[PDB]
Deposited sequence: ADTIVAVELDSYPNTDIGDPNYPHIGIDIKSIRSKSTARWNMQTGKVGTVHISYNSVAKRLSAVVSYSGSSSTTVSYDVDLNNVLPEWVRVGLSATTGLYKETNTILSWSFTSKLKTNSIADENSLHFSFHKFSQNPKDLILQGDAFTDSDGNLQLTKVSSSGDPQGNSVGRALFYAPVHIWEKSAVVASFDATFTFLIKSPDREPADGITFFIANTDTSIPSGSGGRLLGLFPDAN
């Protein structure tokens, strides 16, 4: 199986796999059962921004979600990611719909990763517009770029309606080196902005930012509640 570290913006409460009974943000370490959650005050039709950071001295993964002029939600978890992840990884975003649905529109995505050895290596990307044929992104499943230059992670109809039972992802083309033998310290920071809309009072299922093995693929069975990240709910 893949090795997965994610931050979930989870809009649909699946109590049976341990979601709290409200939309929330989560830190996912090699499971869909979030190590740490916080109440997400979901605003449909409103553009949101998520920021994520981590470094290897502090060993705390953190995320904050907000909407313009509105309050913020934060989530943190103490974890040494270089004991969890392999040295080389790819970074990406995922989303799903299920029985219920929502547009999973990414308007922009940026990412910075640094590696210092005791003897600096660096990668940075930002997309504020996605191109119609994004050579620097590996698009998986249902994911596509639209005419407005937005990245849609899940299916929508020509008229704009989201569809159910969809899974999509986008990975940055280049692998990222997150730890080394002579390494002193590593860190990363990521930002995206997103637009989720639904014709459902209980929109579903959510969006993640994730880091994984370089050859990561959409696992069979990973639909709806599993956010296109895990083959099961263990």
Counting from 1 along the deposited sequence, the ranges with no C-alpha atoms are 120-122
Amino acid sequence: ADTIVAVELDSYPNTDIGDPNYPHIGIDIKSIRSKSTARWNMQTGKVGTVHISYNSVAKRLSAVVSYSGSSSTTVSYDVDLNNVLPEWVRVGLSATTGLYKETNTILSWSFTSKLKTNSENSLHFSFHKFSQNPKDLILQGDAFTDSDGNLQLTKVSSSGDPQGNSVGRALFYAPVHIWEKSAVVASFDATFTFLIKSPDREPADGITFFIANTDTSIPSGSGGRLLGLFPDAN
From here on, numbers count along this sequence of modelled residues.
9-17 versus 206-214: which one carries the higher mean Cα B factor per the record?
9-17
Higher of the two mean Cα B-factors (82-90, 143-151; per PDB record) comes from 143-151
Taking the Cα B-factors listed in the entry, which of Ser122, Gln132, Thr96, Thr105 comes out highest?
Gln132
Given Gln163, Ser76, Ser113, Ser110, the residue at which the Cα B factor reaches its maximum:
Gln163
For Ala174, does the deposited CA B-factor place it in the lowest, middle or highest third of the chain?
middle
Classify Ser198 as lowest, middle or highest third according to the C-alpha B-factor given in the PDB entry, relative to its own chain.
highest
Quick check on the deposited entry: does the C-alpha B-factor of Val184 sit in the lowest, middle or highest third of its chain?
middle
Consider only the C-alpha atoms of the modelled residues in this chain, order them by B-factor as the entry records it, and name the third containing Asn55: lowest, middle or highest.
lowest
Please say which third, lowest, middle or highest, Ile4 falls into when its CA temperature factor is compared across its chain.
lowest
